[PDB]
Amino acid sequence: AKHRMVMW
Amino acid sequence: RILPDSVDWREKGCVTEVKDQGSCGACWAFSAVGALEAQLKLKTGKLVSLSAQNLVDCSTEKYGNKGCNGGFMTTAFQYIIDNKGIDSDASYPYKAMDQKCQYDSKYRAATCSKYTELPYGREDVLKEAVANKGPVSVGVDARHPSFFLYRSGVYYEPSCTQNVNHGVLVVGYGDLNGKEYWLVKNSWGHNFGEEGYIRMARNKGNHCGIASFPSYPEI
Ligand SMILES: [Cl-]
Ligand SMILES: [Cl-]
Ligand SMILES: [Cl-]
Ligand SMILES: [Cl-]
Ligand SMILES: [Cl-]
């Protein structure tokens with residue numbers, strides 16, 4: 001469930 | 001142990017200078033080094049900025065991390081454990097771009113033996129960890145200009161979700177005239193927020209996902 005820290 | 005009403009790890013000299021990630025999605029690496037910096041101070045008495053660049057360059061595809069295109073604090077910790085060290089910021093300075101891995105064990109400033117992930121959404125457990133263990137790496141939903149333009153007070157964003165996207169560091173907690181908050185160290189330089197910090201709403205139903213994915217390392 002963790003997402004990269006993608007829409008940056 | 002009784003939990004304090006307020007905590008500020010800056011008052012124990014466990015928090016380094018605010019950094020500026022520039023035009024590079026390396027927030028995950030700053031969050032990870034910030035959490036480890038506190039543990040290093042507790043362990044050795046020395047406050048040393050650790051190399052976010054070391055992580056961008058060297059903790060890569062094997063850890064799900066993509067340098068200036070994002071990554072994970074947890075797997076950053078695992079890289080430091082696997083690599084048996086991380087260099088100091090001064091020896092491996094930050095360039096806000098992906099580079100060839102250049103880690104040199106001669107300039108190792110810290111190690112990491114384990115990390116711990118906190119249960120999703122539990123602000124009570126997050127409070128306990130900040131009080132008893134140290135600063136905690138977290139993700140928040142920051143994809144709102146209200147976050148970028150924050151200036152002071154307790155941040156509350158009705159448009160926020162628990163889907164987090166931006167890595168930061170919880171260095172304390174408290175309340176501002178009864179408005180409870182988390183004290184958050186960002187990595188957007190000193191011109192952001194309150195000297196580089198933002199106070200984010202606490203005990204408001206996991207506001208902006210602040211307790212969605214917390215972790216902290218130990219030495
Ligand atoms: Cl983002
Ligand atoms: Cl960012
Ligand atoms: Cl969003
Ligand atoms: Cl800065
Ligand atoms: Cl500055």
Side-chain angles (χ1 to χ4, degrees), chain A, chain B residues 21-32 34-35 52 55-56 59-61 63-78 96 115 117-121 137-144 148 161-169 186-188 209-210 212-215:
Chain A
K2 203 182 182 199
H3 224 158
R4 206 147 83 250
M5 308 270 78
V6 167
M7 296 285 278
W8 179 83
Chain B
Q21 71 186 84
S23 185
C24 167
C27 45
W28 59 278
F30 284 97
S31 171
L55 292 180
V56 169
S59 182
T60 67
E61 318 107 29
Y63 296 92
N65 297 332
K66 302 289 334 212
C68 290
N69 289 297
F72 300 95
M73 289 84 79
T74 55
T75 66
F77 300 139
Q78 187 64 50
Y115 69 91
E117 296 178 85
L118 301 189
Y120 184 106
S137 292
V138 300
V140 296
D141 172 8
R143 282 195 45 235
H144 302 279
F148 176 72
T161 87
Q162 299 183 57
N163 304 127
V164 306
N165 41 53
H166 170 68
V168 295
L169 184 71
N186 199 13
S187 54
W188 290 356
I210 188 132
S212 291
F213 297 98
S215 61

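Each chain gets a letter, A, B and so on, in the order the sequences are listed, and its residues count up from 1.
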No hydrogens needed, just list the donor-acceptor pairs between chain A and chain B under 3.5 Å.
residue	atom	partner	partner atom	Å
A:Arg4	NE	B:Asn69	O	2.8
A:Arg4	NH2	B:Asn69	O	3.0
A:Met5	N	B:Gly71	O	2.8
A:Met5	O	B:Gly71	N	3.2

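Your options are B:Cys27, B:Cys68, B:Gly70, and the one with the most heavy-atom pairs under 4.5 Å with chain A is B:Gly70. Between chain A and the options B:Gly71, B:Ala26, B:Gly167, heavy-atom pairs under 4.5 Å are most frequent for B:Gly71.
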